[PDB]
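>>> just dropping in an experimental structure and the matching sequence.
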Amino acid sequence: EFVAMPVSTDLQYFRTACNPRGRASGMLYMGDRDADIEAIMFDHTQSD
Amino acid sequence: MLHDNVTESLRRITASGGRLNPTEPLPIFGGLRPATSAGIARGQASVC
Amino acid sequence: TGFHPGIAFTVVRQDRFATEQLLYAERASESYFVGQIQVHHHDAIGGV
Amino acid sequence: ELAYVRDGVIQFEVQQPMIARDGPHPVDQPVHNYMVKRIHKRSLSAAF
Amino acid sequence: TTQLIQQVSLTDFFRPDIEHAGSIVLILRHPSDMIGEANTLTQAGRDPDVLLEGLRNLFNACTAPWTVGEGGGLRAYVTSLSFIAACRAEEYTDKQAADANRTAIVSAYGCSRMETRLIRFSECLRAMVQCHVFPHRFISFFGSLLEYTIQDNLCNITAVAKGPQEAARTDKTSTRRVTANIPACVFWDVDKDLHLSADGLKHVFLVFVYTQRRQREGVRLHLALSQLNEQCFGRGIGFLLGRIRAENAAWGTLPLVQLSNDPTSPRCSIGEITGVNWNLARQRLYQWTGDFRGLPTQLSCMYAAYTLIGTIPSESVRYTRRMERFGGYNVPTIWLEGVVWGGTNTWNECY
Amino acid sequence: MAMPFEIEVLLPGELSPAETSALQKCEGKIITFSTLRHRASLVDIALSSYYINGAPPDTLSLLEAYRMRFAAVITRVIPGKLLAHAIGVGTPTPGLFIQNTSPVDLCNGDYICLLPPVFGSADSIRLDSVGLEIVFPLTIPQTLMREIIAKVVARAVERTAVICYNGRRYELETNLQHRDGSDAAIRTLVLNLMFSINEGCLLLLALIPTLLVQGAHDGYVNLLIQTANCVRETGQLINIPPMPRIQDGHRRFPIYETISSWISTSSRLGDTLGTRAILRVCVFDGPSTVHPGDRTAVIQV
């Protein structure tokens, strides 16, 4: 499967483990027990 | 600074290039603080 | 914009590692006195 | 009891040998050291 | 040791056998006093007959609507926090925690004339803000629910008005003891929103929030925990309610030093004052028109009120959230452990 | 809870005998804790906890702290720890006592408010072992707290732009080390001064020429008119035409509004520009008055 992306997305992101969405996600990074779970995956105002 | 517009300009520009900034309207009980991120990945962010 | 204004910086940051200590204590290195156990009660959620 | 103690101390004394030396050198004498310590106070606590 | 109050009342806004023992219950002032206070306190330019109309409309859809005037002794004295929380169940932020309470309270009281008695209560509370006799003058804190006994439409209520909640023996059932209890819609701890500490004694407040906007205003009821004493809880909630304070401020409605410092300015004496003169008073001295009209007032800009009802003297305060059977349905509740009820229900208003 | 809320401040066991003999004498003095725990440490009441941005506070920020913070009373100092009683949460506190820390005497019955040290220098403790200076709030009667709070907020306004008692004068040493608390107080003064004016105030404003004649016909009014540095000047220099007809005047009453919504903003002016009253002296069988330094028997409000 192919995912479109700019031609300038630097390579050092692909020289290790990574995510095709280009942004980490998931329950593992919750930090707190009440943190917004779908604000890690989508909310693009907070840094990755 | 002498003018109160250059100060807001500087404080917005410096916030455009980092994530530690105090992005809140001045709270009365705490002094100043950064916003709580939704997640955390690699440990405690060491301030340079 | 990417212009070098003739000045340089020396970045400083401090990191904190978790170690595993190794202690050696000679025989009779401490003289350890003990007292007497006293007790005082105190009111609570409705009991003692 | 140990609870009425203000400051219980410990004393010390050590004698040191010497060496004779035909001149020219500073002729020496025997020396004695008198040293005193003092204890610290701590506590413990549990509850139910 | 504790204290207990006992009050026999009707069974309209409080059915003390679906209510979990340990919930808080509220007292209601005689409704005939609103029709006296409205005449004086309503704002010049509004018909005070709206509150009278709504109040008459409410008790018609109630129990036996007689002796609801003055000489009537036996009436509906008490109401539960759940009832007021379920009539304004659209103004609470947590929609899921509130609509369930409303559904359970409508389908649990075993009545079809309910849900027509809840719409009337909310209209009455909304009118009371529009006529400037706020609900914080006609409701207060009756004790926690401890023990009851009921008959045909007649209920007898026991409470606990002072002392520790858990040092109270209910001989009926289930460990002979009773714990505090509120529905999760009304609960919010300000020390978390203000980002404050945790370890320490906390107080328990009762907060009314007022919005001043004609024909679409609103009011809700809250129960808050905070590490701030009563003198500084206003500065607390005054910060988390900016958009209501400001909108109420603006959507609900003399150079003496100079002339007194000019030793050549026209000035009369103490022995010259005969104000009956149409010249000496009006024309000679500096004329000025007052026009203190339509200006922001106290009763208009008031956006909230609160009173201290108890305290939690623990090190760290601990509360849960367990969905309990509220008579057929399940509602998100919150159990407060170790509450010692204070008193002297003195309300502090915000501005 | 049925017992009085006890606090246990743990003293460091490495002090000097004089450094703890001074603490032995501070029984009956008032201290304040940010949070109300059962096991506090000596770092929670020293001058380190009254820090705003890493600096010693002024007489205006300390004033805000004294009403923001919980209060307690030191009752006895044993060699190990320090035992204290909480004041304003749990009523049970029988036989509570309080040492008069003030220059002026305390008479029976007065309410007690607590001031940061303004009369000269403070009588404090300098525990140089761990490096903590502990200051204790004063104990001033409520009928005298309100004079000094006024004399200091007036000076705050004057910046941004002596006291007699029982026939004895004193001088203030109140200082303003910055400019934020001054305005945090000025805004409250002006706000509370701004929520008093209403429609019915004009009918009170038309009585100034009549109060000026009743000050010449009577004796008690002639003293009230001297201090009124405005009513005494307007009553001979300004005029007002009759008021307009009251909107819905058949129904409402404006003066009742303007003097009902006036007591509120005056039962708060003291408790916001200053501190509330927490205790009041009730000496059942002890001496009547109290000189500086003698323990009293109080009962919490």
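Good, I have the coordinates. Numbers count the residues shown, from 1 in each chain, chains lettered A, B, ... in the order given.

>>> all strands of the stretch 101-250 of chain E, in order?
In the stretch 101-250 of chain E, the segments counted as strands under DSSP state E, counting those that start in this stretch are E:139-150, E:155-160, E:163-164, E:182-183, E:202-211, E:218-226.

>>> what residue lies at the spatial centre of chain E?
residue E:136 (3.8 Å; C-alpha atoms, centre = their mean).

>>> distance check, it against residue E:50.
19 Å (C-beta to C-beta, to the nearest Å). For the C-beta atoms, the positions are set from N, CA and C on the backbone; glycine is no exception.

>>> go on, residue F:84?
55 Å.

>>> then residue E:267?
Residue E:267 is 51 Å from residue E:50, by C-beta to C-beta.

>>> neighbours around the closest residue to residue E:275 other than its chain neighbours, how many?
Among residues not flanking residue E:275 along the chain, residue E:281 sits closest, at 4.6 Å (C-beta to C-beta, 6 or more residues apart in numbering or on different chains). Neighbours of residue E:281 under the rule other C-beta atoms under 10 Å in any protein chain shown: 18.

>>> do residue E:96 as well
Residue E:96: 9 neighbours (other C-beta under 10 Å).

>>> with residue E:174 instead?
By other C-beta under 10 Å, 8 other residues sit near residue E:174.

>>> secondary structure class for the residue most central in space within chain D?
What sits nearest the mean C-alpha location of chain D, by C-alpha atoms, centre = their mean, is residue D:35, with 3.0 Å. With DSSP: H, G, I helix; E, B strand; the rest coil as the basis, residue D:35 sits in strand.

>>> which stretches in chain D count as strands?
D:9-16, D:31-38 (DSSP state E).

>>> which residues touch residue F:6?
C:42, F:38, F:83, F:84, F:85, F:86 (C-beta atoms under 8 Å, 6 or more residues apart in numbering or on different chains).

>>> what about 10 Å?
The neighbours of residue F:6, taking C-beta atoms under 10 Å, 6 or more residues apart in numbering or on different chains as the test, are C:40, C:42, C:43, F:38, F:72, F:75, F:83, F:84, F:85, F:86.

>>> so residue F:280 is in which element?
Using DSSP states H and E, the element containing residue F:280 is strand F:279-281.

>>> contact partners of that strand?
Here strand F:279-281 has contacts from F:30, F:71, F:73, F:87-88, F:96, F:98, F:100, F:106-114, F:139, F:141-142, F:289-290, F:296-301, using C-beta under 10 Å, 6+ apart.

>>> apply 8 Å and report the result again.
Strand F:279-281 is contacted by residues F:87, F:98, F:106-112, F:290, F:296-301 when judged by C-beta under 8 Å, 6+ apart.

>>> returning to that earlier point: show me the contacts for the nearest residue to the residue nearest to the centre of chain D once chain neighbours are set aside.
Closest residue in space to residue D:35, ignoring its immediate chain neighbours: residue D:12 at 3.8 Å, by C-beta to C-beta, 6+ apart. Residues near residue D:12 by C-beta under 8 Å, 6+ apart: D:33, D:34, D:35, D:36, D:37.
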